[PDB]
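The listed protein sequences correspond, in order, to chains 5 and 2. Under the entry's author numbering, residues 539 to 543, 554 to 587 are what the first sequence spells out, in order. Under the entry's author numbering, residues 456 to 691, 714 to 824 are what the second sequence spells out, in order. Ideal Cβ positions, reconstructed from N, Cα and C, are used throughout, including at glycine. Notes follow once the structure below has been shown.
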Amino acid sequence: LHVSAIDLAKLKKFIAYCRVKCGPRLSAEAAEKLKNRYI
Amino acid sequence: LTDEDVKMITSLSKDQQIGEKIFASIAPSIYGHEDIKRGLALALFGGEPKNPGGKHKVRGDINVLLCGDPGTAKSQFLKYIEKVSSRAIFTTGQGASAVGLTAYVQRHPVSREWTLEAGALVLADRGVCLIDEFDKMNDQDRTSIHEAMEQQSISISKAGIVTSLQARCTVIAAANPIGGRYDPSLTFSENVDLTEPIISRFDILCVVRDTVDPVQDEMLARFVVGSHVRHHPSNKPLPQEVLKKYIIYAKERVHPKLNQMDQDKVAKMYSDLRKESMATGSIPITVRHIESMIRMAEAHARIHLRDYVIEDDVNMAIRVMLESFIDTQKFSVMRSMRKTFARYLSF
Ligand SMILES: Nc1ncnc2c1ncn2[C@@H]1O[C@H](COP(=O)(O)OP(=O)(O)OP(=O)(O)O)[C@@H](O)[C@H]1O
Ligand SMILES: [Mg+2]
């Protein structure tokens, strides 16, 4: 690092983009698997 | 700023004893503490700041803490640094400070205009804040100095001023250990009242013990009385401003680069040091220390006015960093590390 010294702006923009655009909300099969591994 | 400065500084830089000439030109009104003269030289000239990408804050400022039992020229050192280094200010943990560590906005009295009095560090943004009696600063100043040397930006949010003034401080500090006397049995951290994260990031820790000794006390007393008789009102190394022109020249114009050091040697160095330090109650050398080692290397290359760091510079930076680490370490482990690593401290 000392000698050498996607992109940051692109990544933060992409972060805001995902957060504003999509609402992820799991499916029932995933919920049941999580139930089993939760117990 | 001036011209012929390049001529004089390079002409003397040819000499190649310039490192020791600087070490003996720093702090001539003090006796002994050659380790701290050298260490403050490395702090004064600093390293380099870099940012691989826009993602990693690696700094060029070498921060120093003297910890000393009383009456051993800590404030004398600090006032020398204030005198010599441009963009220096002084401040104290106590309330008698000329300039304060915290940032505040008010109506400044002598002008009665509503200033943003940004604190001591920000006012010393390029160069040095000097914290005398670093061991008693109020908890607000603890918060502020911690956030300064960690973030390197002071985040003010008082009235409506929700801003962040950048503070690229190069903090020097002085601290009196608990009980007014250094205790070699306990470690540095637990015999100085500075908490772990604060004591960590200081690039140099130095210990100042006032060990009674015949020849030492004779020398010190003769020096002091000589100064006194010389400073009666009847009698009314390089010069300091020469050193200051050297300081700015080698601090801004010269950026020594590093592809010319035994990468494998230093990697195995960290390996061996940490491998020995593997133990309980033995908080080891880490990457903090290895980057401090590179900072010190760059600083010695700066000090030599070179444009390329050399094995000689790497040896000196190794020497000072390892000296600081062992003297941080308590007595028995200190002697173990000193005995097994004398080869580097030999140089
Ligand atoms: N090595 C030394 N060389 C010259 N003077 C010294 C030395 N050690 C101590 N003194 C003298 O000791 C007196 C006290 O110095 P200084 O102001 O540094 O105190 P201190 O040890 O930092 O104490 P405190 O914790 O109260 O700040 C000064 O006169 C200083 O000249
Ligand atoms: Mg003092």
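Notebook entry, point to check: For residue 513 (chain 2) and chain 5, any beta-carbon pair shorter than 8 Å?
Noted result: The sequence position of residue 513 (chain 2) within the second sequence is 58, counting from 1. Yes, residue 513 (chain 2) counts as interfacial toward chain 5.
Note to self: Here's the rule: buried if 16 or more other CB atoms are within 10 angstroms of the residue's CB, otherwise exposed. What is residue 687 (chain 2)?
What the structure shows: Start at 1 with the first residue of the second sequence, and residue 687 (chain 2) comes out as number 232. With fewer than 16 other Cβ atoms within 10 Å, it is exposed.
Next item on the list: Flag residue 568 (chain 5) as yes if its beta-carbon sits less than 8 Å from any beta-carbon of chain 2, otherwise no.
Entry: Within the first sequence, numbered from 1, the residue matching residue 568 (chain 5) stands at position 20. Not one chain 2 Cβ lies under 8 Å of residue 568 (chain 5).
Margin query: I want to know whether the segment 615-631 of chain 2 touches the segment 576-592 of chain 2 - three or more CB-CB distances under 8 Å.
Written below: yes
Note to self: My assumption, with CB atoms under 8 Å, is that residue 658 (chain 2) sits in contact with residue 526 (chain 2). Please give the rounded CB distance.
What the structure shows: Indexing the second sequence from 1 puts residue 658 (chain 2) at position 203. Indexing the second sequence from 1 puts residue 526 (chain 2) at position 71. Contact doesn't hold; Cβ gap of about 26 Å is too wide.
Margin query: List, in chain order, every chain 5 residue whose beta-carbon is nearer than 7 Å to that of residue 792 (chain 2).
Written below: One-based indexing of the second sequence puts residue 792 (chain 2) at position 315. Residues of chain 5 passing the Cβ test: none, with the nearest at roughly 18 Å.
Item checked: Beta-carbon proximity of residue 582 (chain 2) to residue 540 (chain 2), cut-off 8 Å -> As a first step, residue 582 (chain 2) must be located in the second sequence, where it is residue number 127. As a first step, residue 540 (chain 2) must be located in the second sequence, where it is residue number 85. A contact, by the Cβ cut-off of 8 Å.
Notebook entry, point to check: Name the DSSP bridge partner or partners of residue 630 (chain 2)?
Noted result: Walking along the second sequence from the start, residue 630 (chain 2) turns up at place 175. Residue 630 (chain 2) pairs with 522 (chain 2).
Check: If you draw a straight line from the C-alpha of residue 581 (chain 5) to the C-alpha of residue 510 (chain 2), how long is it?
Finding: The sequence position of residue 581 (chain 5) within the first sequence is 33, counting from 1. The sequence position of residue 510 (chain 2) within the second sequence is 55, counting from 1. Distance between the alpha carbons of residue 581 (chain 5) and residue 510 (chain 2): 38 Å.
Notebook entry, point to check: Hey, how far is the Cα of residue 692 (chain 2) from the Cα of residue 561 (chain 5)?
Noted result: Residue 692 (chain 2) cannot be located in this model; chain 2 continues from 691 straight on to 714.
Checklist line | Separation of residue 482 (chain 2) from residue 676 (chain 2), as counted between CA atoms | finding: Reading the second sequence from its first residue, position 221 is the one you call residue 676 (chain 2). Reading the second sequence from its first residue, position 27 is the one you call residue 482 (chain 2). So the alpha carbons of these two residues sit roughly 17 Å apart.
Next item on the list: Starting from the N-terminal side, write out each stretch of the beta strand (DSSP E) that is 3 residues or longer and does not extend beyond the segment 497-559 of chain 2.
Entry: The qualifying runs are 519-523, 543-547.
Notebook entry, point to check: Cβ atoms of residue 464 (chain 2) and residue 782 (chain 2): under 8 Å apart, would you say?
Noted result: If you number the second sequence from 1, residue 782 (chain 2) lands on position 305. If you number the second sequence from 1, residue 464 (chain 2) lands on position 9. Cβ distance < 8 Å, so residue 782 (chain 2) and residue 464 (chain 2) count as in contact.
Next item on the list: Output, in chain order, the set of chain 5 residues within a Cβ distance shorter than 9 Å of residue 721 (chain 2).
Entry: As a first step, residue 721 (chain 2) must be located in the second sequence, where it is residue number 244. Within chain 5, no residue comes near residue 721 (chain 2); the closest Cβ sits about 28 Å away, beyond 9 Å.
Checklist line | Chain-ordered residues, beta carbon under 7 Å from a heavy atom of ligand 2 | finding: Qualifying residues, in the order they occur: 529 (chain 2), 530 (chain 2), 587 (chain 2), 588 (chain 2), 629 (chain 2).
Next item on the list: Just tell me which of 488 (chain 2), 615 (chain 2), 614 (chain 2), 576 (chain 2) has its CA closest to the CA of residue 602 (chain 2).
Entry: Along the second sequence, read from residue 1 onward, the residue named residue 602 (chain 2) stands at position 147. Considering only alpha carbons, the answer is 576 (chain 2).
Note to self: At a cut-off of 7 Å, would you count residue 525 (chain 2) as near ligand 1, judging by its Cβ distance to the nearest heavy atom?
What the structure shows: Position 70 of the second sequence holds residue 525 (chain 2). Correct: residue 525 (chain 2) has its Cβ closer than 7 Å to ligand 1.
Check: Is the shortest distance between the beta-carbon of residue 579 (chain 5) and the beta-carbons of chain 2 less than 8 Å?
Finding: The sequence position of residue 579 (chain 5) within the first sequence is 31, counting from 1. With 8 Å as the cut-off, residue 579 (chain 5) does not count as an interface residue toward chain 2.
Next item on the list: State whether the segment 765-780 of chain 2 contacts the segment 605-618 of chain 2, with contact taken as three or more CB pairs (one from each stretch) at a distance under 8 Å.
Entry: Here the segment 765-780 of chain 2 makes no contact with the segment 605-618 of chain 2; the two share fewer than three CB pairs at distances below 8 Å.
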